[PDB]
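Reading the structure
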Amino acid sequence: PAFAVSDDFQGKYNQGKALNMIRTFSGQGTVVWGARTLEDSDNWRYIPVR
Amino acid sequence: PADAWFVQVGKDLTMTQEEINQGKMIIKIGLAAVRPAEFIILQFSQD
Amino acid sequence: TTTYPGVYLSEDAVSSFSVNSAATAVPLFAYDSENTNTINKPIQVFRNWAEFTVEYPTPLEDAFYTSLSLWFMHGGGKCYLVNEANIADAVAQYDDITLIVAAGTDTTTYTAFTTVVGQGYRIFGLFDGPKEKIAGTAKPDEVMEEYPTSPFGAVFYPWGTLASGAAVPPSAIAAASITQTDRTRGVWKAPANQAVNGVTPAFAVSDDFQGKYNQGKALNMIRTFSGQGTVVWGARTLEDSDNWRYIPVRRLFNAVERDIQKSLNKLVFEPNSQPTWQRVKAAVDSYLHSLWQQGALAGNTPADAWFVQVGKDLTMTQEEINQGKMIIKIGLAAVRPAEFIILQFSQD
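Residues numbered from 1 in each chain as written, not as in the entry; some residues may be left out. Chains lettered and ligands numbered in written order. Part of a larger assembly, values for the part shown. Heavy atoms only, no water.

1. Some words on the side chain of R236(C)
All names here are of chain C. The topology assignment puts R236 in the loop between α6 (208-211) and α7 (247-255). Owing to a relative accessible area of 6%, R236 belongs among the buried residues under this scheme. Only 2.7 Å separates the side chain of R236 from the backbone oxygen of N214, close enough to count as a polar contact. Residues in contact with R236, not counting those within four places in the same chain, are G153, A154, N214, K217, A218, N220, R245, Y246, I247, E339 and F340. (Helix = DSSP H or I, 4+ residues; strand = E, 2+ residues; numbered from the N terminus. Buried < 20%, exposed > 50% of the residue type's maximum accessible area, 1.4 Å probe, protein only. Polar contact = N/O pair within 3.5 Å; in protein donor to acceptor, adjacent residues only side chain to side chain. Contact = heavy atoms within 4.5 Å.)

2. Topic: the interface of chain B and chain C
At the interface, ten residues of chain B touch eleven residues of chain C. The contact between chain B and chain C buries some 800 Å² in all, and 62% of this surface belongs to carbon and sulfur atoms. For the pair chain B and chain C, the number of links is zero salt bridges. Our enumeration of links across chain B and chain C arrives at seven residue pairs in polar contact. Grouping the constituent residues of the side of chain B that touches chain C by class yields five nonpolar, three polar and two charged. Two elements, strand β3 (residues 39-40) of chain B and strand β1 (residues 6-7) of chain C, share two bridges in a ladder whose sense is parallel. (Buried area = accessible area lost by both parts, 1.4 Å probe. Salt bridge = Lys/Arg side-chain N within 4 Å of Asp/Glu carboxyl O. Nonpolar A, V, L, I, M, F, W, Y, C, P; charged D, E, K, R; others polar. Pairing = 2+ DSSP bridges.)

3. Some thoughts on the sheet that holds strand β4 (residues 80-82) of chain C
Residue and element names in this part refer to chain C. Ordered in space as β3-β4-β2-β5-β6, the five strands form an open sheet in which the pairing is mixed. Looking at the sheet topology across the chains shown, the edges are occupied by β3 (44-45) and β6 (124-125). Across two bridges, strand β5 (residues 99-100) lies against β6 in parallel orientation. The partner of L99 across the bridge, within β6, is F124.

4. Regarding the packing of helix α2 (residues 63-73) of chain C against helix α5 (residues 170-185) of chain C
Between two packed helices, both the angle of their axes relative to each other and the distance between the axes serve to describe the pair. Residues and elements named next belong to chain C. Interaxial distance between α2 and α5 falls to 9 Å at its minimum, and their mutual angle equals 15°. Taken together, α2 and α5 sit at an angle that is classed as roughly parallel. With respect to the hand of their crossing, α2 and α5 are arranged in right-handed fashion. Residue-level contacts link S67, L70 and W71 of α2 to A172, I173, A175, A176 and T179 of α5. (Axes fitted to C-alpha atoms, helices over the stretch in contact; angles between N-to-C directions. Parallel < 35°, antiparallel > 145°, perpendicular 65-115°, else oblique. Left-handed = near helix turned anticlockwise from the far one by under 90°.)

5. A closer look at α5(C)
Each α-helix winds once per 3.6 residues, and so residues spaced three or four apart point in a common direction. Residue and element names in this part refer to chain C. End to end, α5 covers 21 Å across 16 residues, agreeing with the expected 22 Å (1.5 Å per residue, within 8%). Every buried residue of α5 is accounted for by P170, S171, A172, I173, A174, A175, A176, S177, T179, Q180 and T181. In this structure, the buried side of α5 is in contact with α2. Of the residues flanking the end of α5, it is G186, one or two places downstream, whose phi is positive at about 55°. (Expected span 1.5 Å × (residues − 1).)

6. Considering the layout of surface pockets
All names here are of chain C. Estimates place the volume of the largest pocket at around 1,000 Å³. At the level of elements, α7, α8 (258-263), α9 (274-293), β7 (306-309) and β8 (329-332) are the ones that each hand at least two residues to the lining of the largest pocket. Ranked by the residues each element gives to the lining of the largest pocket, the list is headed by α9, at seven residues. Looking at the lining of the largest pocket residue by residue, the class counts come to 25 nonpolar, five polar and four charged. By volume, the second largest pocket is sized at about 550 Å³. Together, 22 residues line the second largest pocket, and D95, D96, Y121, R122 and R258 are the ones closest to its centre. Elements with a contribution of two residues or more to the lining of the second largest pocket: α3 (87-94), α7 and α8. The dominant element in the lining of the second largest pocket, judged by the number of residues it contributes, is α8, at four residues. (1 Å grid on protein atoms, 1.4 Å probe; cavity = no way out; pocket = protein on both sides within 12 Å on 5 of 7 lines; lining within 4 Å. Points joined across faces, edges and corners; volume = space filled by probe spheres on them.)

Everything listed here is a matter of coordinates, which is why it stays silent on function.
Okay, structure coming up:
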């Protein structure tokens, strides 16, 4: 990743829409992170259930 | 799993007479899907 | 909130409670502020014999010196010594003081005593008997009115003169009986058969002058016997009342609540909910039940030997809940001291 992003700038953009930044950890490295569609709706969040 | 879905098709619960006579058939289902466990909180207690 | 994806965590919030027991004897000692052979610091905060002796290596004969000698002869505790001018002050401060002695100091003492009980700070003071030798031919009550009536106190006449040294007020002397009472067993036991050591009463009093002054008020002379020597004798508060005679049953409720009222100070500003109310009830009863199975309080099936009640309408109804107020109430069976003994024969 160009950027090792955050937890809070991560966390504060978890809502609203579908930012879904891709964050490197320990163990898991450069792993994908967060699953959500554009609407934060009870029918449609969570891209696989869409 | 007939709770985890349902399914229904008939003569009048679905697709009544004249639209059968119009050729149309309609069906319908609805179902229980999984949801991804995105968040994790956990609770302690000393009982 | 649960903002980013990942692992959040919660715990348990609030727990139970119980009361923390007691001290049962924190006496301040009646320092005389006019007195000079002494520290003219009014309030002396004293722990044991050692710092006393680094304060007084000096064998005095004034009664407080004879007190702490006698007091720490019985062990003794962290006991204080304030003047006759600063009674209420440290009582408003130190929050532990259980006992108030009379070191022959009465005049401002009784007023300051009846001052603080005029705001009622849950203490048991105790006074001196008159100095010497009521003739007893007459005059039966006119030796008593000099002492304020209260459910809090007695005088213990004979002026146990402590033949090693100076004449000691039995306020100091009977406290030693209590000192070996709580150390022996608690407060509901009456310190009425603890024998003290090396102290001689000025007077070997009577049985009848004893017996005729057993009533009215709380003379409670301290009489030497055989076997038991110079032992304390008679337990009764100032009023001869069915609620209050028998100083430990007064001192029981003097001790029954200062633990509790202290303990629940942490528990205000709390949501006055029903599951609060039952939970509060759940802690006390067992502590009572222990204390009942201690035999401190009398009565079988001990929810007979007490009761306890708190709710929404049996106690603390709606608008005063809406006023924030909660009220509770209990009542209970206590022991009473078997002071008297008669016994009946029959040939059947």
